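# Secondary and tertiary structure notes
Chain by chain, the residues run as shown.
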Amino acid sequence: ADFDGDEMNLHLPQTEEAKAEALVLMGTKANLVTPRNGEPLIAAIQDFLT
Amino acid sequence: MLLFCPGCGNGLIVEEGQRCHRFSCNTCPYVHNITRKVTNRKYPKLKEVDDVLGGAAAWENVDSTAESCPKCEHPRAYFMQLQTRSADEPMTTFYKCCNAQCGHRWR
Amino acid sequence: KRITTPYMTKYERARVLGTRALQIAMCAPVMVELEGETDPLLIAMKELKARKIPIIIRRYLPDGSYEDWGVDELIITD
Amino acid sequence: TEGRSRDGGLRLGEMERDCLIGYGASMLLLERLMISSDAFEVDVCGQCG
Amino acid sequence: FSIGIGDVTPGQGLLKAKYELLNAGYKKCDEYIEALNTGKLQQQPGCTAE
Amino acid sequence: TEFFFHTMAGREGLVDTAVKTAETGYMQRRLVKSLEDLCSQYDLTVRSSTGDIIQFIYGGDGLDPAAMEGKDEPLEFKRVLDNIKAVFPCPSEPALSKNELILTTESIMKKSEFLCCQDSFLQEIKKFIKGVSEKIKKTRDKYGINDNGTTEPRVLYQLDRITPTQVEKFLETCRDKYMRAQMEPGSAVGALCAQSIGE
Amino acid sequence: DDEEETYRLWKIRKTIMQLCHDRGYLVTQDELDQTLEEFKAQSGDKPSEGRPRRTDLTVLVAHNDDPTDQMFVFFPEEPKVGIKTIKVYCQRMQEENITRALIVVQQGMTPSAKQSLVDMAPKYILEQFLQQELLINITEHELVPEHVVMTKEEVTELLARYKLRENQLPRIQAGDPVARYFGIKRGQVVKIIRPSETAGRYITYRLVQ
Ligand SMILES: [Mg+2]
Ligand SMILES: [Zn+2]
Ligand SMILES: [Zn+2]
C-alpha cells in the first residue's frame with residue numbers, strides 16, 4: 001500500500017476457533033520473513049532509513 | 001524463361017511424335033522442331049541439406065591449415081565455410097569454438 | 001514406542017488453544033487461578049503456559065495407525 | 001447484496017481462499033465461507049439418496 | 001532535510017566535460033557512418049554491416 | 001522532437017503494466033489449482049489426496065525454506081561461532097590447541113542425542129571444526145607459541161582464542177537450530193509452492 | 001569410408017556388450033577394453049565384412065545364476081526387416097532352443113512385423129533397437145542417475161518399512177529408454193540414487209507400469 005487514496009478491507013471472525021487460528025497462524029509477528037526464500041519483508045522504510 | 005506461339009499467343013509444350021522432338025502449341029497447329037541448344041533454365045529447388053554428413057562423417061576432408069582464436073588458443077578447431085541459399089547469391093562463413101559451458105561461435 | 005517428533009507443531013497449538021477457549025467460553029471449570037482476565041483465549045494461553053490444559057492429541061498416520069500424546073509432554077516452544 | 005447503494009458486504013475472492021489455504025487454517029475459512037454467508041439446513045433421505 | 005532546485009542545477013566543469021564528450025561521440029559516429037557508406041567499414045564478425 | 005520520442009518510449013511501460021494483469025493471474029490460477037492438495041504427513045512423506053506418494057522426503061533434506069539463514073542452508077557456521085564467542089567470553093578458561101579441540105569436539109559429539117541428528121549435518125560440523133582447528137595451528141606456529149600456555153607476552157593467546165565452554169555452546173546451538181528448522185507435519189506444502197512461483 | 005562403418009560397428013559392439021554385462025550375463029573382462037584397432041584385428045575391413053553375420057554373438061549366458069540360459073543377438077542388414085527374415089531368425093532360434101532374442105535394425109522394420117513382434121508366443125520374447133540409439137550408452141550420460149533393479153525380498157522389506165501397498169509407488173513407463181536398456185518387465189521396482197549438489201545422496205524407488 002502507498003497512501004495515494006488506496007482502500008483496504010477488514011473482517012471480524014465470529015468464533016473462538018477462528019480467533020485462535022487467525023491469531024496464531026496469521027499473526028503479523030509470526031510472519032516477519034517471506035516464505036519464498038526466507039528473507040525479511042517487514043523492516044524499515046524510506047524516511048526511517050534517512 | 002518462357003515461350004509463346006506467334007500464331008495465336010499461348011504457352012507451348014515439348015513433345016515427341018516423329019524422328020525429332022518439337023516445340024508445339026495445342027490450340028493451333030504451329031510446330032517448331034528443335035535442333036540446337038538453349039542455355040538457360042528455371043532454377044530448380046531442393047531443400048536444405050544439413051545433417052547428411054553430420055557429426056564426424058567421412059574423414060576424407062581432413063585439412064591442414066586453420067585460423068586461431070583471439071583469446072585462448074587450444075589446438076582443436078580447424079576451419080570451415082558454407083553457402084547461403086542458391087546459385088547466384090553469396091556464401092557465408094562462420095568460425096566456431098567449443099570446449100564446454102559457453103556459447104562462443106563467431107561469424 | 002513413538003516415532004513422531006516431540007515438538008508441538010503450530011497447527012496443534014492453534015487448534016488446542018481454540019478448542020480450550022471454546023470450552024472455557026461455555027461454563028467450564030478453569031484449572032489455573034485467574035487474576036481477573038475476562039477473555040477466554042488469554043485464559044487458554046495461561047492454561048497452556050502452566051501446562052494444565054486437559055486435552056490429548058491423537059496423531060493419525062496415513063496407513064491408519066496413531067499415537068496419543070499429552071499436551072504436557074510435547075515440547076512447547078516459541 | 002453487492003453494492004453500497006444497497007447495503008453491501010465485501011467479497012472473499014478466489015485468491016483470498018488460496019491465501020487462507022496457504023496458511024493452513026482449516027476452521028477459519030469454514031467460518032468465513034459457510035457460517036457467515038449462507039449456512040442453510042436441509043433434510044436428506046438415505047433410502048433413495 | 002529538504003530538496004531544492006539548487007540541488008539539481010548543473011555545475012561548471014560538468015558543462016565542459018559534457019560538451020567535450022558530446023563532440024567526441026558525434027564525431028566518432030560520423031566516422032563510422034562514413035566508413036559504412038563508402039564500403040570501407042569492417043564488418044564485425046557477428047552480423048552484417050547495418 | 002525529444003519530448004515526442006520520450007513520450008513514445010514511456011507509453012510502452014503503461015501498456016505493458018495494463019496487459020500484465022491477465023497472464024500472471026491466469027498462470028497462478030492454474031498452478032494453485034494443480035498444486036493445492038499436496039500436504040506433509042507424519043511419515044515425513046508428501047502425499048496426494050488419494051494417498052499416492054509424490055516424494056519420500058520433502059525436498060530431500062526435509063527442511064523448511066522459510067527457516068533458512070544462509071543461502072538455502074540452515075546455518076552459516078562462522079556467524080554462529082562468532083556470536084557464541086562474543087556473548088560468552090571465557091576470561092578464566094585456557095585457550096585450546098588443535099589436539100585438545102579435536103578431542104573435546106569428538107567427546108561432545110559422541111553423546112546419543114547428537115546421533116539422533118542428521119548424518120550429513122554431523123559431517124558438515126566435523127568439516128568446519130577440522131578447518132578451524134587447522135587454522136589455529138598456522139597462527140600458533142608463526143609466532144612460536146607453546147601449547148603449554150607458558151608464553152610470556154600473554155596477549156599472543158588472544159589471536160585465535162577458543163575454550164571448551166564456547167565449543168559446547170556452539171555445538172548445542174547448531175543442533176538446536178537444525179532441529180527447529182524442519183517442515184512440520186500438516187503443512188500446506190503445495191499451495192506455498194504455487195504462491196511462491198506465481199507472485 | 002570403410003572405416004566409419006567399422007567405427008560404428010565397433011561402438012555398437014562395445015555398447016551392446018556393456019548392456020549384456022550390466023544385465024549380468026557371462027562376459028570376459030579382456031573383451032571390455034577392446035580397441036578399435038583390436039576390432040580391425042579380429043575382423044577385416046568393410047569390403048571383407050558381411051554385415052548379417054560378422055557381428056553375431058550368442059556366447060553370453062546367465063552364468064550368475066543359470067549358465068544354461070543363453071541369449072541371442074542378431075544384426076539384420078536390410079534397412080527395413082521383413083517377415084521372412086524374422087521367420088528365419090525364429091526358426092534358427094527354435095533350432096537352438098532358447099527363450100529370448102535381440103535384434104538391431106539399421107533404419108526400421110515393417111509394420112506387419114511391427115505387429116508380429118508382440119504376439120509370436122508367450123514363451124518367446126524378442127528385443128528391438130536401432131543403431132542410432134546404441135551408438136552411445138545412455139547409462140554413461142550426464143543427466144541419467146543410477147538405476148538399480150532389486151529383488152523381491154528387498155521390495156518386500158521396502159513396502160514393509162514405509163507401510164505401502166505396492167500400487168502407491170511412483171511409476172516408470174515400461175517403454176522408457178532406461179527400462180528397455182535394463183529390459184525389466186512389469187511388476188518390478190528400480191532403486192534410483194539421485195546425486196545431490198553436495199556430497200549427500202537421495203534415494204527413491206519407481207514401479208514399472
Ligand atoms: Mg496507491
Ligand atoms: Zn495456342
Ligand atoms: Zn426417500
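Calculation criteria
Residues numbered from 1 in each chain as written, not as in the entry; some residues may be left out. Chains lettered and ligands numbered in written order. Part of a larger assembly, values for the part shown. Heavy atoms only, no water. Helix = DSSP H or I, 4+ residues; strand = E, 2+ residues; numbered from the N terminus. Rg over C-alpha atoms; globule rule 2.2 N^0.38 Å. Buried < 20%, exposed > 50% of the residue type's maximum accessible area, 1.4 Å probe, protein only. Areas by Shrake-Rupley, 256 points an atom, 1.4 Å probe, with all protein chains shown as cover. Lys, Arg positive; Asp, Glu negative; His and termini not counted. Charge placed at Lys NZ, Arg CZ, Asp CG, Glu CD. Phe/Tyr/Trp six-rings, centres within 6.5 Å; stacked < 30°, edge-to-face > 60°. Expected span 1.5 Å × (residues − 1). Pairing = 2+ DSSP bridges. UniProt positions renumbered as here; feature names shortened; annotations may be inferred. Domains from an automatic or database assignment. Contact = heavy atoms within 4.5 Å. Buried area = accessible area lost by both parts, 1.4 Å probe. Salt bridge = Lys/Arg side-chain N within 4 Å of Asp/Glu carboxyl O. Polar contact = N/O pair within 3.5 Å; in protein donor to acceptor, adjacent residues only side chain to side chain. Nonpolar A, V, L, I, M, F, W, Y, C, P; charged D, E, K, R; others polar.

### A look at the overall build of chain B
Check the secondary structure of chain B and you find zero helices and three strands. For chain B, the C-alpha radius of gyration of 26 Å lies well beyond 13 Å, the compact-globule estimate for 107 residues. On the principal axes, the C-alpha backbone points of chain B span a range of 75 × 25 × 20 Å. By residue count, 7% of the 107 residues in chain B fall in the buried class. Here chain B has roughly 10400 Å² of accessible surface; of this, 55% comes from carbon and sulfur atoms. Positive and negative side-chain charges in chain B, numbering 14 and 11 respectively, have mean positions lying 7 Å apart.

### Some words on the packing of aromatic side chains
Enumeration according to the criterion identifies 12 aromatic pairs over all chains in this entry. For the ring pair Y60(C) and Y66(C), a centre distance of 5.5 Å and an interplane angle of 55° mean the geometry is tilted. A relative accessible area of 44% means that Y66(C) is categorised as partly exposed. Through pairs of rings, three or more aromatic residues link up here, namely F77(F), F121(F), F128(F), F170(F) and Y178(F).

### Let's talk about helix α4 (residues 83–96) of chain G
Relative to the 20 Å expected for 14 residues at 1.5 Å per residue, α4(G) spans 20 Å between its end C-alpha atoms, a close match to the ideal helical length. Positive backbone phi, at 60°, marks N97(G), one or two positions downstream of α4(G).

### Points about the sheet that holds strand β8 (residues 146–149) of chain G
Residues and elements named next belong to chain G. Taking strand neighbours across the sheet as the criterion, the four strands line up as β8-β10-β11-β9 in an open arrangement whose pairing is mixed. Each edge of the open sheet is held by one strand with a lone partner, namely β8 and β9 (171–172). The pairing of strand β10 (residues 189–195) with strand β11 (residues 201–208) spans seven bridges and is antiparallel. Looking at β11, one finds that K191 is bridged to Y205.

### Points about the UniProt feature "binding site: Zn(2+) 2" in chain B
All names here are of chain B. Sites flagged by UniProt as "binding site: Zn(2+) 2" map to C69, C72, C98 and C102. Inspection of the secondary structure assignment puts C69 in the segment after β3 (31–33). On the secondary structure map, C72 appears in the segment after β3. A residue is classified by how much of its surface remains accessible, and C72, at 57% relative accessible area, is exposed.

### Some thoughts on the domain arrangement of chain G
Residues and elements named next belong to chain G. According to the domain assignment, chain G contains domain 1 (1–136) and domain 2 (137–209). Taking only C-alpha atoms, the centre of domain 1 and the centre of domain 2 are 27 Å apart. Counting residues at the interface gives 10 residues for domain 1 and seven residues for domain 2. Between domain 1 and domain 2 the total buried area reaches about 730 Å² when both faces are included, carbon and sulfur atoms providing 47% of it.

### What to know about the arrangement of the chains
Of all 11 pairs of chains sharing an interface, the pair with the highest contact count is chains A and D. Where chain A comes nearest to chain B, the C-alpha atoms are still 28 Å apart, and the two do not contact one another. There is no contact between chain D and chain E; across them, the least C-alpha separation is 41 Å.

### Some points on the pattern of salt bridges
Any two side chains of opposite charge can pair, so long as their charged atoms come close to each other. This model, assessed by the stated rule, comprises 29 salt bridges over all chains. Notably, a salt bridge pairs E69(F) with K177(F), separated by 2.8 Å at the nearest N-O pair. Here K177(F) lies in helix α6 (residues 164–179) and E69(F) lies in the loop between β3 (53–55) and α2 (77–87), a separation of 108 residues in the sequence. Given a relative accessible area of 26%, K177(F) falls into the partly exposed group. Look at the salt bridges and you will find they share partners, linking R17(D), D18(D), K33(F) and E36(F) into a network.

### Concerning the interface of chain F and chain D
At the junction of the two partners, chain F supplies eight residues and chain D supplies six residues. The interface formed by chain F and chain D holds two salt bridges in total. Residue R29(F) pairs with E14(D) through a salt bridge whose shortest N-O separation is 3.0 Å. Along the contact surface separating chain F from chain D lie one residue pair in polar contact. Elements represented by at least two residues in the side of chain F that touches chain D include exactly α1 (2–35) and α7 (191–198) of chain F. Its residues assigned to classes, the side of chain F that touches chain D shows four nonpolar, one polar and three charged.

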